[PDB]
Amino acid sequence: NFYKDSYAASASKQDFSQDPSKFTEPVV
Amino acid sequence: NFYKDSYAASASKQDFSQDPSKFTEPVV
Amino acid sequence: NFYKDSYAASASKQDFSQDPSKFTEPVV
Amino acid sequence: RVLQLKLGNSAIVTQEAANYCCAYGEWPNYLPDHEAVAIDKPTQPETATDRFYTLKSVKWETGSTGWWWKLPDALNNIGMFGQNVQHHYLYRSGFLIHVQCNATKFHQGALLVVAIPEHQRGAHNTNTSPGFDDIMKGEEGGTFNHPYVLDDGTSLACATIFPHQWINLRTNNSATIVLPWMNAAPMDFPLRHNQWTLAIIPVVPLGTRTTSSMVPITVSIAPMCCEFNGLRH
Amino acid sequence: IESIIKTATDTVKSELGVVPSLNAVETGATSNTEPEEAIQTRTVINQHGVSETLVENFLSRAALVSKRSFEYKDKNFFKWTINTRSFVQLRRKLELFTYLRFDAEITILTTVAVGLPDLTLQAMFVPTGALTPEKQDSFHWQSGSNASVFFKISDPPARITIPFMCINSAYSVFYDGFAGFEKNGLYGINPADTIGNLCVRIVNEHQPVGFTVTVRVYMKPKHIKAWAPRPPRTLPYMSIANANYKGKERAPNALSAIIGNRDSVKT
Amino acid sequence: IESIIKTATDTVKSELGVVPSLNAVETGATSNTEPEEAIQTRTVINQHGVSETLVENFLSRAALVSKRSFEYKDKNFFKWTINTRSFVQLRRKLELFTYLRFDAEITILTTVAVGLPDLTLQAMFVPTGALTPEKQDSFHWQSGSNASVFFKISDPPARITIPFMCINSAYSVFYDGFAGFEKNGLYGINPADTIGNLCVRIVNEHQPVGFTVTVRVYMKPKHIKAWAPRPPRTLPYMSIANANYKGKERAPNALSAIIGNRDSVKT
Amino acid sequence: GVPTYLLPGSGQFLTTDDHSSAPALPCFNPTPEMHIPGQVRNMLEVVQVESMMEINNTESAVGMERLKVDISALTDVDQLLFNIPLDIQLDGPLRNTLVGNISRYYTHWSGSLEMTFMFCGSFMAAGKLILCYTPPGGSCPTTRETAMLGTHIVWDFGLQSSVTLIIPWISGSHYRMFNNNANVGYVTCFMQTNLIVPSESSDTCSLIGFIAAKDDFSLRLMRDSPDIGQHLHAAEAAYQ
Amino acid sequence: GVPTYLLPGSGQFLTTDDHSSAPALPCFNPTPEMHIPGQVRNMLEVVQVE
Amino acid sequence: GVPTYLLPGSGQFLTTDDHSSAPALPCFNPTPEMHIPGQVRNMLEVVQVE
């Protein structure tokens with residue numbers, strides 16, 4: 001990215017942080 | 001900027017230094 | 001390579017690691 | 001293993017069911033300071049509105065399609081919650097839905113207690129959008145017209161992706177869903193927008209040898225962590 | 001407990017006459033009896049990458065969201081209100097979520113149908129809360145505030161990133177509610193979620209051309225976040241605005257029967 | 001014992017009346033009696049690089065794998081199932097291996113035969129397990145999932161790298177076996193090894209043009225690995241699917257005689 | 001004065017590229033993020049979740065009846081109640097699921113499935129069932145005496161209202177391929193015993209089965225979905 | 001010999017861009033700044049006023 | 001604003017080039033390699049054989 005804005009950048013395909021539990025086990 | 005002149009550069013959107021007081025309180 | 005993927009890169013002409021023995025001498 | 005939820009002045013005799021559903025794994029809390037928008041100090045009732053508003057018992061016969069209540073549309077007249085909804089410009093409140101069904105050991109049946117966020121309903125077969133008196137129902141609460149597609153063209157078969165429970169009349173008799181504030185805005189309008197939709201659909205219908213069998217379903221909503229801004233009057 | 005999951009999970013091996021206890025579905029819990037516990041297994045180091053199922057990769061494709069031809073000699077240009085609800089392939093893929101937060105990315109791609117002329121185009125993005133041009137040559141086209149973009153035909157296609165425009169934190173995809181505050185305001189429309197109005201005209205003054213300009217607008221949304229997934233819509237659509245459902249006369253994807261039939265359940 | 005071999009091997013010098021012992025071919029062993037041992041030699045530092053015989057360099061050339069002309073006024077476009085078996089020059093060079101693992105690299109190169117028009121093309125890659133467009137203008141062309149690519153004529157040719165697509169670890173070049181599980185499934189076809197279906201159309205609406213578009217698809221496979229080399233096929237081919245053999249009526253490359261004859265073995 | 005030259009593939013529009021483009025609104029301050037519950041950061045989080053199977057995908061089952069299998073007293077001992085083919089490619093009981101409808105955006109799939117069958121009779125209603133898992137390749141069994149061999153689970157009603165059943169991932173290839181197939185597997189269910197209700201409970205008990213993908217599940221090579229695709233009301237109204 | 005290729009959106013004129021362009025007058029010595037009172041550096045300074 | 005200029009031989013297709021091109025399928029997870037016996041890494045391994 002050489003643009004001054006941040007949303008102008010390429011896509012961020014790095015959000016590997018899952019949390020499958022919050023749908024399968026939404027309990028307490 | 002790769003031009004030798006300085007005004008040829010991109011815009012400088014970094015002047016965040018406000019002073020609202022000099023219009024609202026121009027008193028002594 | 002400036003692409004995010006790895007197969008998009010140029011060819012890797014660096015695999016000089018031969019093993020001629022495994023065809024000429026496949027014995028034990 | 002009999003139990004008594006005491007919240008506010010209201011109190012419900014319940015069964016201890018395992019695993020009280022905190023929807024999407026979150027207990028509801030107040031609006032944090034770094035996410036607020038309205039600069040004025042919001043009113044936070046702690047026992048006036050935080051109480052079990054129990055709606056009418058609804059007759060589950062052997063041919064019912066389901067029941068749906070929209071929150072807080074069901075509670076826009078009831079109690080001190082309706083004395084703030086109709087006196088504030090904004091609200092923010094999670095909910096704690098306790099759906100209890102009263103069967104014998106002989107009745108068969110199965111219920112899907114599910115809380116659909118932003119259940120934008122659909123009208124069957126017509127290109128006219130659903131009217132204002134077709135979405136907002138109040139304490140009465142509507143009835144599904146085509147529950148198999150959740151009245152919006154989606155599928156009930158996939159509807160367990162939402163926060164859901166089960167009332168299987170063998171295993172249990174009560175459901176409990178605890179709801180956080182699900183919205184794209186920190187606060188929203190209490191007469192223009194329904195966040196959730198408590199949907200109770202009979203998957204397996206009711207049955208015993210007397211074919212006139214009816215079982216009532218009790219539904220009780222308590223708002224958790226109420227907030228309100230913009231007090232008129 | 002969130003955890004970085006870069007590959008699909010591994011399988012430990014398993015071990016006679018063991019006695020497991022119990023299960024519960026009715027609490028709303030997906031059963032997490034392991035393949036280790038229920039049946040015999042072996043050691044599998046699993047190297048299948050989950051990356052293509054990411055919510056970024058699932059939606060950041062440049063789907064064609066508009067294809068509008070206009071004749072040059074609205075007439076003489078087109079204005080287009082931005083929605084992803086145009087084509088049913090992308091919309092069902094977006095109706096899998098309740099709240100979506102993305103930065104859009106428009107790519108206007110221009111052709112000329114019937115010596116083929118070289119022209120200069122203008123693709124002005126007018127966000128909602130401003131004035132769109134009615135005529136082809138209003139003074140709204142040289143509005144120096146609106147983020148216009150000039151581009152030829154014989155060049156690579158023009159491409160601009162439009163940021164996250166909503167005043168809420170996410171676009172409400174569905175909206176159980178009513179726009180405005182009066183009872184005739186329609187159901188399922190949020191005024192906050194409106195992107196803008198992209199309008200494209202041909203800059204040149206009127207040429208004796210017998211040519212048709214076919215314009216294609218693409219959108220690869222990016223920096224995508226998502227919230228509260230939904231059941232995918234099975235029935236055919238009935239409009240762009242409301243989620244009305246009709247069903248087909250025969251299975252599959254009918255109102256009575258979403259799945260196509262067979263002889264019997266036991267055959 | 002694998003060892004990095006960057007140049008061809010060196011020759012040590014050699015030394016009267018020496019007595020070497022024995023040999024064995026019948027164990028399957030190539031005889032490794034050195035040039036040092038069998039005859040007189042001298043010191044040769046050898047500097048001939050083996051790099052051009054690498055399996056990368058032997059196959060990573062952009063061979064033309066398709067040349068399909070279509071007439072614009074399937075008709076109006078072409079769809080092409082990807083195989084390297086099209087032209088016999090590249091296939092025999094690939095029939096030198098049993099299992100091949102490569103990342104392909106497509107380069108579509110477009111010309112216009114009979115003021116020559118400037119057009120925009122679309123080259124959509126539809127992998128197998130999806131829908132290819134039957135008509136020129138189906139809704140399959142704006143399928144936002146398939147990796148389409150738009151390119152003009154007057155510009156450098158379009159170029160995309162297609163990854164290793166197979167669900168196995170290598171493309172089975174030959175396949176001693178049968179596709180599917182039923183007895184009419186054909187011999188020598190692996191369903192796993194299918195690359196995809198590249199299809200190219202002209203984007204423009206119908207122009208009064210009396211022009212022919214000749215399209216050439218190139219493929220320089222790269223990141224190549226290879227396994228189990230094979231004898232090169234000497235006989236002329238009979239199809240693309242099966243490895244049937246016919247032979248020619250006269251030597252060389254005949255069924256009875258691969259090598260051209262001479263008078264006698266002793267002449 | 002940098003000496004450059006254009007490669008082939010210059011000036012192309014590749015509809016799957018990823019390149020930083022020019023912003024429309026400069027120094028646009030976006031609306032700040034706010035912690036909305038239930039963020040999906042990977043679609044296998046959705047596929048992990050249970051969802052219902054239409055086991056009764058037949059004619060003479062309409063709407064909600066297509067989800068449940070009715071066990072009467074007319075169904076005798078060792079009668080096949082249902083078979084569920086494990087072809088998520090084929091348009092059968094697994095398509096209208098979370099695991100089905102998200103996998104159809106993907107050509108190649110791997111990983112293990114997981115069924116769970118909930119019994120919805122009366123409390124007093126007791127009786128046995130045998131859920132046998134046929135692997136790929138093996139044909140569907142027709143008798144309990146054949147179903148007693150493979151991978152069965154003898155399940156009793158009065159003792160247990162739900163049975164988890166693992167479909168293990170068995171394949172020679174690292175994935176399967178969705179066609180534009182032959183026995184990914186089967187689960188069948190036989191009446192091990194009769195159905196026994198007392199004289200007041202309903203003599204027609206019902207089952208509903210679920211399916212969820214397990215934690216080893218994985219998907220690649222994104223296609224477009226076969227389901228949707230086509231009149232659209234107010235479609236031209238965005239322009240006019 | 002740098003190997004480059006053009007992206008889409010090459011050669012466009014975006015009327016809100018911010019790119020360093022070519023100067024007209026080279027080594028132009030501008031008239032030096034002089035402290036004029038009441039510099040507005042943000043328009044919310046104006047909106048703050050009654 | 002990098003000042004560039006095109007060399008001769010720009011925009012040519014040389015059918016023996018070696019340049020990193022654009023990928024078709026982004027973040028495509030390829031099928032992982034598996035040790036198949038008898039890997040040829042140089043064709044002189046074949047020519048060495050009787």
# chains A, B, ... in the order shown; residues from 1 in each chain; ligands from 1
$ calpha_fit_and_write --fixed "chain B" --moving "chain C" --output "PDB file with N, CA and C atoms, in the first residue's frame"
ATOM      1  N   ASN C   1       7.569  11.570  -2.901  1.00  0.00           N
ATOM      2  CA  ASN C   1       8.047  12.632  -3.774  1.00  0.00           C
ATOM      3  C   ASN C   1       9.431  12.315  -4.308  1.00  0.00           C
ATOM      4  N   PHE C   2       9.536  12.289  -5.630  1.00  0.00           N
ATOM      5  CA  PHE C   2      10.806  12.145  -6.311  1.00  0.00           C
ATOM      6  C   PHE C   2      11.179  13.385  -7.100  1.00  0.00           C
ATOM      7  N   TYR C   3      10.385  14.444  -7.013  1.00  0.00           N
ATOM      8  CA  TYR C   3      10.727  15.714  -7.623  1.00  0.00           C
ATOM      9  C   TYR C   3      11.641  16.508  -6.710  1.00  0.00           C
ATOM     10  N   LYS C   4      12.455  17.359  -7.324  1.00  0.00           N
ATOM     11  CA  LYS C   4      13.410  18.127  -6.547  1.00  0.00           C
ATOM     12  C   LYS C   4      12.730  19.231  -5.757  1.00  0.00           C
ATOM     13  N   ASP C   5      11.620  19.754  -6.258  1.00  0.00           N
ATOM     14  CA  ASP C   5      10.937  20.812  -5.543  1.00  0.00           C
ATOM     15  C   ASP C   5      10.086  20.237  -4.422  1.00  0.00           C
ATOM     16  N   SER C   6       9.729  21.104  -3.485  1.00  0.00           N
ATOM     17  CA  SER C   6       9.024  20.705  -2.278  1.00  0.00           C
ATOM     18  C   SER C   6       7.529  20.914  -2.381  1.00  0.00           C
ATOM     19  N   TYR C   7       7.101  21.966  -3.076  1.00  0.00           N
ATOM     20  CA  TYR C   7       5.683  22.170  -3.323  1.00  0.00           C
ATOM     21  C   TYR C   7       5.118  21.153  -4.296  1.00  0.00           C
ATOM     22  N   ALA C   8       5.973  20.465  -5.044  1.00  0.00           N
ATOM     23  CA  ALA C   8       5.508  19.442  -5.964  1.00  0.00           C
ATOM     24  C   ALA C   8       5.022  18.198  -5.248  1.00  0.00           C
ATOM     25  N   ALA C   9       5.271  18.083  -3.946  1.00  0.00           N
ATOM     26  CA  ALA C   9       4.924  16.896  -3.193  1.00  0.00           C
ATOM     27  C   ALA C   9       3.416  16.773  -3.023  1.00  0.00           C
ATOM     28  N   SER C  10       3.018  15.641  -2.458  1.00  0.00           N
ATOM     29  CA  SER C  10       1.634  15.377  -2.115  1.00  0.00           C
ATOM     30  C   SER C  10       1.182  16.294  -0.985  1.00  0.00           C
ATOM     31  N   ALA C  11      -0.119  16.286  -0.736  1.00  0.00           N
ATOM     32  CA  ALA C  11      -0.669  17.150   0.291  1.00  0.00           C
ATOM     33  C   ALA C  11      -0.287  16.655   1.676  1.00  0.00           C
ATOM     34  N   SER C  12      -0.134  17.595   2.597  1.00  0.00           N
ATOM     35  CA  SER C  12       0.276  17.299   3.965  1.00  0.00           C
ATOM     36  C   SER C  12      -0.955  17.363   4.858  1.00  0.00           C
ATOM     37  N   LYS C  13      -1.619  16.228   5.034  1.00  0.00           N
ATOM     38  CA  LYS C  13      -2.841  16.153   5.835  1.00  0.00           C
ATOM     39  C   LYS C  13      -2.530  15.784   7.279  1.00  0.00           C
ATOM     40  N   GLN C  14      -1.590  16.510   7.876  1.00  0.00           N
ATOM     41  CA  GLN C  14      -1.065  16.170   9.185  1.00  0.00           C
ATOM     42  C   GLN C  14      -1.132  17.328  10.165  1.00  0.00           C
ATOM     43  N   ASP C  15      -1.759  18.440   9.795  1.00  0.00           N
ATOM     44  CA  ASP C  15      -1.804  19.622  10.651  1.00  0.00           C
ATOM     45  C   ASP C  15      -3.010  19.520  11.584  1.00  0.00           C
ATOM     46  N   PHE C  16      -2.907  18.605  12.543  1.00  0.00           N
ATOM     47  CA  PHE C  16      -3.974  18.403  13.513  1.00  0.00           C
ATOM     48  C   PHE C  16      -3.921  19.379  14.674  1.00  0.00           C
ATOM     49  N   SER C  17      -3.004  20.337  14.669  1.00  0.00           N
ATOM     50  CA  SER C  17      -2.797  21.209  15.823  1.00  0.00           C
ATOM     51  C   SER C  17      -3.874  22.280  15.829  1.00  0.00           C
ATOM     52  N   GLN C  18      -4.955  22.036  16.562  1.00  0.00           N
ATOM     53  CA  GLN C  18      -5.999  23.044  16.648  1.00  0.00           C
ATOM     54  C   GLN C  18      -5.591  24.191  17.564  1.00  0.00           C
ATOM     55  N   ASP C  19      -6.370  25.267  17.484  1.00  0.00           N
ATOM     56  CA  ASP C  19      -6.482  26.240  18.571  1.00  0.00           C
ATOM     57  C   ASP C  19      -7.855  26.874  18.480  1.00  0.00           C
ATOM     58  N   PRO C  20      -8.872  26.236  19.061  1.00  0.00           N
ATOM     59  CA  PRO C  20     -10.220  26.813  19.006  1.00  0.00           C
ATOM     60  C   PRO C  20     -10.374  28.037  19.871  1.00  0.00           C
ATOM     61  N   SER C  21      -9.474  28.228  20.836  1.00  0.00           N
ATOM     62  CA  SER C  21      -9.622  29.289  21.821  1.00  0.00           C
ATOM     63  C   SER C  21      -9.493  30.668  21.196  1.00  0.00           C
ATOM     64  N   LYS C  22      -8.693  30.800  20.138  1.00  0.00           N
ATOM     65  CA  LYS C  22      -8.407  32.127  19.607  1.00  0.00           C
ATOM     66  C   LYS C  22      -9.574  32.747  18.858  1.00  0.00           C
ATOM     67  N   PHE C  23     -10.671  32.025  18.666  1.00  0.00           N
ATOM     68  CA  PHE C  23     -11.898  32.632  18.178  1.00  0.00           C
ATOM     69  C   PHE C  23     -12.944  32.757  19.268  1.00  0.00           C
ATOM     70  N   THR C  24     -13.085  31.728  20.102  1.00  0.00           N
ATOM     71  CA  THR C  24     -14.099  31.753  21.147  1.00  0.00           C
ATOM     72  C   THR C  24     -13.696  32.668  22.290  1.00  0.00           C
ATOM     73  N   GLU C  25     -12.415  32.670  22.661  1.00  0.00           N
ATOM     74  CA  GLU C  25     -11.908  33.530  23.729  1.00  0.00           C
ATOM     75  C   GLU C  25     -10.769  34.417  23.230  1.00  0.00           C
ATOM     76  N   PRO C  26     -11.070  35.459  22.432  1.00  0.00           N
ATOM     77  CA  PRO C  26     -10.020  36.404  22.031  1.00  0.00           C
ATOM     78  C   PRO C  26      -9.925  37.579  23.003  1.00  0.00           C
ATOM     79  N   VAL C  27      -9.744  37.273  24.281  1.00  0.00           N
ATOM     80  CA  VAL C  27      -9.864  38.278  25.323  1.00  0.00           C
ATOM     81  C   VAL C  27      -8.571  38.332  26.124  1.00  0.00           C
ATOM     82  N   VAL C  28      -8.488  39.334  26.993  1.00  0.00           N
ATOM     83  CA  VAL C  28      -7.393  39.430  27.943  1.00  0.00           C
ATOM     84  C   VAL C  28      -7.901  40.106  29.212  1.00  0.00           C
TER      85      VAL C  28
END
$ interface_residues --of "chain I" --to "chain B" --cutoff "12 Å" --atoms "only C-alpha atoms" --output "ChimeraX atom specification"
/I:1-4
$ write_last_selection --atoms "C-alpha atoms" --output "PDB file, in the first residue's frame"
ATOM      1  CA  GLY I   1       5.161   9.245  -8.456  1.00  0.00           C
ATOM      2  CA  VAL I   2       7.993   7.061  -9.681  1.00  0.00           C
ATOM      3  CA  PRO I   3       9.472   8.315 -12.970  1.00  0.00           C
ATOM      4  CA  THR I   4       9.579   5.258 -15.235  1.00  0.00           C
TER       5      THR I   4
END
$ residues_around --residues "residue 56 in chain G" --least-positions-apart "2" --cutoff "10 Å" --atoms "only C-alpha atoms" --output "PyMOL selection string"
(chain E and resi 259+261-262+264-266) or (chain G and resi 53-54+58-62+64-70+82-84+92-93+208)
$ closest_atom_pairs --of "chain I" --to "chain F" --cutoff "8 Å" --atoms "only C-alpha atoms" --output "CSV"
residue,atom,partner,partner_atom,distance
I:11,CA,F:156,CA,5.0
I:12,CA,F:156,CA,6.7
I:13,CA,F:157,CA,7.3
I:15,CA,F:62,CA,5.0
I:16,CA,F:61,CA,5.5
I:21,CA,F:160,CA,5.9
I:22,CA,F:160,CA,5.0
I:23,CA,F:161,CA,4.6
I:24,CA,F:162,CA,5.3
I:25,CA,F:147,CA,6.6
I:28,CA,F:163,CA,7.5
I:30,CA,F:164,CA,6.0
I:31,CA,F:167,CA,5.8
I:32,CA,F:169,CA,6.3
I:33,CA,F:169,CA,5.2
I:34,CA,F:169,CA,6.0
I:36,CA,F:227,CA,7.0
I:37,CA,F:227,CA,6.9
I:38,CA,F:228,CA,5.3
I:39,CA,F:227,CA,4.3
I:40,CA,F:226,CA,5.6
I:41,CA,F:55,CA,5.7
I:42,CA,F:54,CA,4.2
I:43,CA,F:53,CA,5.3
I:44,CA,F:53,CA,6.6
I:46,CA,F:229,CA,7.4
I:49,CA,F:30,CA,6.1
I:50,CA,F:30,CA,5.7
$ write_last_selection --atoms "C-alpha atoms" --output "short mmCIF file (atom, residue, chain, number, x, y, z; two decimals), in the first residue's frame"
data_model
loop_
_atom_site.label_atom_id
_atom_site.label_comp_id
_atom_site.auth_asym_id
_atom_site.auth_seq_id
_atom_site.Cartn_x
_atom_site.Cartn_y
_atom_site.Cartn_z
CA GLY I 11 4.77 -6.01 -23.54
CA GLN I 12 6.28 -8.93 -25.38
CA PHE I 13 5.41 -12.53 -24.74
CA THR I 15 7.58 -18.21 -24.52
CA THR I 16 10.61 -19.11 -22.39
CA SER I 21 2.22 -14.19 -12.64
CA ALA I 22 -1.17 -13.61 -11.09
CA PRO I 23 -2.76 -16.58 -9.32
CA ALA I 24 -6.16 -17.79 -10.41
CA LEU I 25 -7.42 -19.20 -7.12
CA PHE I 28 -5.88 -22.00 -2.64
CA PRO I 30 -3.02 -27.23 -2.53
CA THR I 31 -3.12 -30.93 -1.84
CA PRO I 32 -0.07 -31.61 0.36
CA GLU I 33 2.84 -33.52 -1.05
CA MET I 34 3.33 -37.17 -0.20
CA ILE I 36 6.08 -41.02 -3.82
CA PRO I 37 9.11 -43.22 -4.59
CA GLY I 38 11.49 -42.55 -7.43
CA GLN I 39 11.53 -38.80 -7.83
CA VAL I 40 13.43 -37.58 -10.88
CA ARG I 41 15.07 -34.27 -10.10
CA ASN I 42 17.36 -34.22 -13.15
CA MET I 43 17.01 -36.05 -16.46
CA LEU I 44 20.59 -37.32 -16.35
CA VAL I 46 17.34 -41.41 -16.44
CA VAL I 49 20.46 -46.17 -16.68
CA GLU I 50 21.17 -49.08 -19.02
#
$ select_by_dssp --residues "chain H" --states "alpha helix (DSSP H)" --output "ChimeraX atom specification"
/H:44-47
$ write_last_selection --atoms "N, CA and C atoms" --output "short mmCIF file (atom, residue, chain, number, x, y, z; two decimals), in the first residue's frame"
data_model
loop_
_atom_site.label_atom_id
_atom_site.label_comp_id
_atom_site.auth_asym_id
_atom_site.auth_seq_id
_atom_site.Cartn_x
_atom_site.Cartn_y
_atom_site.Cartn_z
N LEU H 44 -13.57 22.87 12.60
CA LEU H 44 -14.32 22.83 13.84
C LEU H 44 -13.96 23.98 14.77
N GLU H 45 -12.86 24.69 14.50
CA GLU H 45 -12.56 25.92 15.20
C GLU H 45 -13.58 27.00 14.86
N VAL H 46 -14.10 26.99 13.64
CA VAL H 46 -15.12 27.96 13.25
C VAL H 46 -16.47 27.56 13.82
N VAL H 47 -16.79 26.27 13.76
CA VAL H 47 -18.08 25.76 14.20
C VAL H 47 -18.24 25.90 15.71
#
$ interface_residues --of "chain F" --to "chain E" --cutoff "9 Å" --atoms "only C-alpha atoms" --output "PyMOL selection string"
chain F and resi 115-120+142-147+151-152+154-155+203-208
$ atom_distance --atom1 "CA of residue 94 in chain D" --atom2 "CA of residue 115 in chain D"
12.1 Å
$ interface_residues --of "chain G" --to "chain F" --cutoff "8 Å" --atoms "only C-alpha atoms" --output "ChimeraX atom specification"
/G:6-16,107-108,173-180,182,222-224
$ closest_residue --among "G:238, G:118, G:25, G:167" --to "chain H" --atoms "only C-alpha atoms"
G:25
